[PDB]
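To get the deposited numbering, take the position in the first sequence, counting from 1, and add 14.
Every residue gets a Cβ at the ideal spot worked out from N, C-alpha and C, and that includes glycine.
One structure is given below, encoded as structure tokens.
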Amino acid sequence: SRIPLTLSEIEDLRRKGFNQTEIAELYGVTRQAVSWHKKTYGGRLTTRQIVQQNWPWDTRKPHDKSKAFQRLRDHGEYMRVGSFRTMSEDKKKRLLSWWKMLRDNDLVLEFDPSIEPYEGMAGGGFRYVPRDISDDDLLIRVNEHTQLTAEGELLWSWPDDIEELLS
DNA sequence: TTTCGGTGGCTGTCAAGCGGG
DNA sequence: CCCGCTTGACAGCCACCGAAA
């Protein structure tokens with residue numbers, strides 16, 4: 015009734031801006047079938063997905079509900095893209111504000127899976143702590159729960175032109 | 001007004017299993 | 001076997017809503 019679902023067709027429709035769930039709907043399969051074809055045969059990772067490969071912690075649900083998780087993700091996306099040209103006005107505003115809060119109050123983000131949710135962390139697991147000289151350019155505290163890759167060193171460091179962006 | 005946490009539903013991946021070739 | 005799917009469970013993504021400033 016149609017053509018076999020190949021990786022190539024999925025990639026073409028993705029380049030045209032359709033997401034994997036919509037492609038599944040087009041082909042009468044589950045999102046998982048589209049994902050499987052992409053995961054098994056090497057489909058193009060999105061920028062966010064690339065950032066995920068270098069995510070420094072094993073976080074589980076509901077850490078994604080903490081603003082620190084979301085803001086750090088946005089930061090990784092920025093460092094990966096290198097400008098705000100691909101993100102919404104909201105992502106930009108929130109990220110710049112978060113950066114300001116971290117520098118002006120001289121904080122870095124720490125992750126410990128044992129932190130239970132608390133006011134101002136609906137997801138729990140994260141906490142802001144004072145910066146140490148040993149932290150260098152990182153926005154995060156490296157502890158026993160941190161996996162920091164070479165790329166992660168760039169992703170989770172300040173942008174080089176950070177002073178100028180906030181003005 | 002605008003800021004910013006909390007929240008929900010949607011999106012995507014992984015593991016285990018099933019059926020047909 | 002292998003390859004393409006489906007379930008079920010879970011991790012992550014992003015704009016909207018509303019209170020607070």
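| Item | Value |
| --- | --- |
| To the nearest whole angstrom, what separates the beta carbons of residue 145 and residue 120, a pair I think is in contact under 8 Å? | 5 Å |
| Checking the sheet assignment: what are the DSSP bridge partners for residue 144? | 121 |
| Given a cut-off of 8 Å on the beta-carbon distance, is the pair residue 25 and residue 57 in contact? | yes |
| Under 7 Å Cβ to Cβ from residue 43, same chain only, skipping five residues before and after it: list those, please. | 19 |
| Is the beta carbon of residue 76 closer than 8 Å to that of residue 134? | no |
| Hey, could you find the ends of the alpha helix (DSSP H) residue 101 is sitting in? | Run containing residue 101: none; DSSP gives neither H nor E here. |
| With a cut-off of 8 Å, do at least 3 Cβ pairs link the region 53-69 to the region 82-96? | yes |
| Could you tell me which uninterrupted beta strand (DSSP E) segments, each at least 3 residues in length, are contained entirely in the region 19-85, listed from first to last along the chain? | none |
| How about residue 70 and residue 172: do their beta carbons lie closer than 8 Å? | no |
| Exposed or buried, which one is residue 82 when buried takes at least 16 other CB atoms within 10 Å? | buried |
| Whole angstroms is fine: what's the gap from residue 54's alpha carbon to residue 48's? | 10 Å |
| DSSP state of residue 171, grouped into three classes? | strand |
| Where residue 110 and residue 74 are concerned, what is the direct C-alpha to C-alpha distance, given to the nearest angstrom? | 26 Å |
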